[PDB]
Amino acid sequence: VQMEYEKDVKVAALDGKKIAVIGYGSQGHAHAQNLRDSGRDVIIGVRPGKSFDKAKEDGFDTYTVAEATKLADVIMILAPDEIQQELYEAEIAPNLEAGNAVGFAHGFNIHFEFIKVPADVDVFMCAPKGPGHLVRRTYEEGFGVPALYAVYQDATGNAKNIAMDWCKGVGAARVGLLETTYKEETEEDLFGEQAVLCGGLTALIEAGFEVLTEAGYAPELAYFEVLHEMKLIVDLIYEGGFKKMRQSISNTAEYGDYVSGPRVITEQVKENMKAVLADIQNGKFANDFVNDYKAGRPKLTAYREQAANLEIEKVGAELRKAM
């Protein structure tokens, strides 16, 4: 795959389209605001009222989801993944017309087929590689967040151009687009956040914190050693890969990196990651997530309360206040 930019957006397919953004949270506010600034005709569809109000104070024509959908040619669904199916069936599906296009910023519901959009309606995706605040902030600074785009079903023959023009309208084409599929986006995105970015990383940090504090080292000092000082390291990797990071740290640190990294992340850990990937591919994780929501979020409830009680989180809150 080769990276694409504004010059690669052959057709301004959002030209003459009424656009409805559904929802107004992390991604919702960012997409709507960026597209508006880009000159697109954008309305908001959302439930009352604390996303509804902010959207109307931000100057948007704000309707119910059903009304916004009925008015629109292009409908981008930016409600939480767990509620998209019920919301789609009740409020969106009845108000679609042939030739419409439905968009997502993550392929979960379409790929796992919790949602099935009619055959005469396009389904596309623009998936920015950052939360909404960054998607918005970078845009405002004349910049952007790179994005993936994909098409799940192309009824009109215009679906790919709609996806790429959406990317352009939100600023992503300023810095780089990569084409993918709904399957690849969904599976790689779930895997990355689970095994490495969020799950893997927080568990790694917490394990390191436990080993130090259980060994008798001060938690305040341990906080810096496994969390606070991570930002400088990851900024280096972001800028110049492992190469730049390892050039920048001391030879003692670099040698420790090479020797101890493989002691910690072993072949068995890689097999653990393969099991995580398997449950993404086979629909188990997806069903577990949706089933937790349907049951009243009991697992998410226990996890959130557990995470609130972590010593590293208590200590870190105190230290970040003291700085």
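Position 1 is the first residue in the sequence shown; the rest follow in order.
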Which is higher on mean Cα B factor in this entry, 309-317 or 5-13? 5-13
Higher of the two mean Cα B-factors (155-163, 191-199; per PDB record) comes from 155-163
In this PDB entry, which of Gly208, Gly176, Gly103, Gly130 has the top CA B-factor? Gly130
Reading the B-factor column of the entry, which of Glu254, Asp288, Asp279, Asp37 has the highest value at its C-alpha atom? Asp37
For the chain shown, is the CA B-factor of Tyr217 in the lowest, middle or highest third of its modelled residues? middle
C-alpha B factor of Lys299, ranked within the chain: lowest, middle or highest third? lowest
Would you mind checking where the Cα B-factor of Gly107 ranks among the modelled residues of its chain, as the lowest, middle or highest third? lowest
Is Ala150 in the lowest, middle or highest third of its chain when residues are ranked by C-alpha B-factor? lowest
Classify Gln247 as lowest, middle or highest third according to the C-alpha B-factor given in the PDB entry, relative to its own chain. middle
